[PDB]
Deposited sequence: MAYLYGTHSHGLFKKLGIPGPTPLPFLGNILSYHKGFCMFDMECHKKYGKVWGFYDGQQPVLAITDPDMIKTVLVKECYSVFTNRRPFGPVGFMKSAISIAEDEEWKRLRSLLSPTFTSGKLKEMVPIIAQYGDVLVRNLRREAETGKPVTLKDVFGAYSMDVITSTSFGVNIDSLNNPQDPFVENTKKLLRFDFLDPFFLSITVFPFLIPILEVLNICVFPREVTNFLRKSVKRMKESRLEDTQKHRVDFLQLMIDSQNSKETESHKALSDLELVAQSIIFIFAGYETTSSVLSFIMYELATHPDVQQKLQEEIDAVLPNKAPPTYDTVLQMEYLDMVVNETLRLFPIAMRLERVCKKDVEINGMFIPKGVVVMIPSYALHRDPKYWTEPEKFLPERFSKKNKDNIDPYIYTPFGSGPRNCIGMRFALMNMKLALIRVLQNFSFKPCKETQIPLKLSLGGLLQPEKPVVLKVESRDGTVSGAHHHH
């Protein structure tokens, strides 16, 4: 509790830090609730402490642009030191400074419009393996848990688009490439990571990691089997200033988690809103059958054509942005937009609280997809709606994620309807924990068309 006078000094407001803790007991209602309050209590800029670590929470559009886009290279290049990581030190979302810039380049031409359109026929082959697994349960009038069957698709899409491994993971729940894959910032351990960051080095010297030393060393070799037995990996092996062999292994892993629990979790958020807003599900099912008659197979070009679908995805991401907040470590005593920012301070943009501020959203907690209509889609600040971040360090797999999810919805809405159950949690309650996820796993009724 030494350097705790920083925010009283600069005349910057915020709640008072206790010695050695900071404002971490304020996380008992999860990040979002503490954010909503602090934006309401203190206004445009506030500060707090994550232990001995100061965090400055900005909410101004032009200030966010300078941090995410303008002075990204100069001042705000990296994210908060996350550890202990072992050999995942080299993963792009963890990597820092000139290793990020060297990895963000060797890995960018993997998500182009040419490579993304070339996965459309392959992501297609799996959207149908979903329908067979849905109709067997649809015929059996027994409520469906989305994240189970949804994640099985995202996992199936990942494995294929990355290494070619084709598994019907749903019916195949007991595969060496399935168990490993399926395996929280407010649990006992990460509370202590945020408060004993001095203990982080104690564990990087023990080969101890937040990723178990087994899954990695299973996929470490599985790749170097694939590497030497011959999608994202075919695009990465051809890329290796070249990629070290343990370095390429670490980039594969982050892709999987990225697309496995985000694609799965977001589709579960989309289906809840369609079922609890039956008129929206009706309008969508109509546009889908306009572009795609006779339950036609969707294409890359036709997916981008569907604009009520894009509206539906964005309003859901507004309500449930799995980022919650975006963060960067400032590296220089640089005053931006008239506010002196000292070195070492973490800058934090509160996405969730921003997406729910009545100052920029009329009826903010209601689900109104027409905010994003090509009529009203211009009154929207690109730096207030930040579901993939912004700028040089924004989400590297945005195009894939958006296309991945829409190819699922189209294939699903052509065939099924989704009704609320009794055990459906209406209105849904989020997590008191540290990620964007539901309290109860999402449960719905599913009827065939």
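Engineer: What ranges of the deposited sequence are left out of this structure?
Structural biologist: Since the structure holds only modelled residues, the stretches it omits are 1-6, 190-193, 241-249, 260-267, 477-487.
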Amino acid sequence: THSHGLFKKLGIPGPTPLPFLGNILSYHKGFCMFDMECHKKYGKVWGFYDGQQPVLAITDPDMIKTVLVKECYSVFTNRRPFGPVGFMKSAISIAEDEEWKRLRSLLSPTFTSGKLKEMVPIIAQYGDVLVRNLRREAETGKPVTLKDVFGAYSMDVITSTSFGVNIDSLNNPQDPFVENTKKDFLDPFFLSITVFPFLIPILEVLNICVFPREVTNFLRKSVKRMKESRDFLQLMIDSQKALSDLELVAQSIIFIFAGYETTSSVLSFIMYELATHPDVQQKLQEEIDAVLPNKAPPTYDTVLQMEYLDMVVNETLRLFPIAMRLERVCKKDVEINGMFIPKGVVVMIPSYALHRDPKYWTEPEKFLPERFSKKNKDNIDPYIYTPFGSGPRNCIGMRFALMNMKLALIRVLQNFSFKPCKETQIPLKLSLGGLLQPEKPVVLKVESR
From here on, numbers count along this sequence of modelled residues.
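Note that the rigid core is defined as the largest set of C-alphas that superpose within 1.5 Å between two forms.
Engineer: So which moves more in 9 other deposited structures of this protein by CA, 117-125 or 313-321, given a superposition on the core?
Structural biologist: Once the core is superposed, the stretch further away in 9 other deposited structures of this protein is 117-125.
Engineer: Figure out for me whether 94-102 or 203-211 is the more displaced stretch in 9 other deposited structures of this protein, taking RMS C-alpha distance from the shown form once the rigid core is superposed.
Structural biologist: This comes out as 203-211, the stretch further from the shown form in 9 other deposited structures of this protein.
Engineer: Is it the case that at least a third of the other compared entries omit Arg230, given both of its neighbours are modelled there?
Structural biologist: Yes, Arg230 lacks coordinates in at least a third of the other compared entries that model both of its neighbours.
Engineer: Tell me which stretch has the larger mean Cα B-factor in this entry, 24-32 or 390-398.
Structural biologist: Taking the mean C-alpha B-factor of 24-32 and of 390-398, the larger value falls to 24-32.
Engineer: Taking the recorded C-alpha temperature factors, which stretch has the higher mean, 98-106 or 137-145?
Structural biologist: Here the higher of the two C-alpha B-factor means belongs to 137-145.
Engineer: Highest Cα B-factor in the deposition, which of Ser113, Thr316, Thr263, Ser351?
Structural biologist: Of the options given, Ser113 has the highest CA B-factor in the PDB entry.
Engineer: By the entry's C-alpha temperature factors, tell me which of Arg79, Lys241, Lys283, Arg325 sits highest.
Structural biologist: Spelled out: the listed residue with the top C-alpha B-factor is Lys241.
Engineer: Split into thirds by Cα B-factor across the chain's modelled residues, where does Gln52 land: lowest, middle or highest?
Structural biologist: Answer is middle: the recorded C-alpha B-factor places it there.
Engineer: Going by what the PDB entry lists, where does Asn404 fall on CA B-factor within its chain: lowest, middle or highest third?
Structural biologist: Ranked within chain, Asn404 CA B lands in the lowest tercile.
Engineer: When the modelled residues of the chain are sorted by Cα temperature factor, does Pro173 land in the lowest, middle or highest third?
Structural biologist: For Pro173, whose C-alpha B-factor we compare with every modelled residue in the chain, the answer is the highest third.
Engineer: Using the temperature factors of the C-alpha atoms in this entry, rank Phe87 within its chain: lowest, middle or highest third.
Structural biologist: For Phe87, whose C-alpha B-factor we compare with every modelled residue in the chain, the answer is the middle third.
Engineer: Ordered by C-alpha B-factor within the chain, which third holds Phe340? Give me lowest, middle or highest, please.
Structural biologist: For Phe340, the deposited C-alpha B-factor lands in the highest third.
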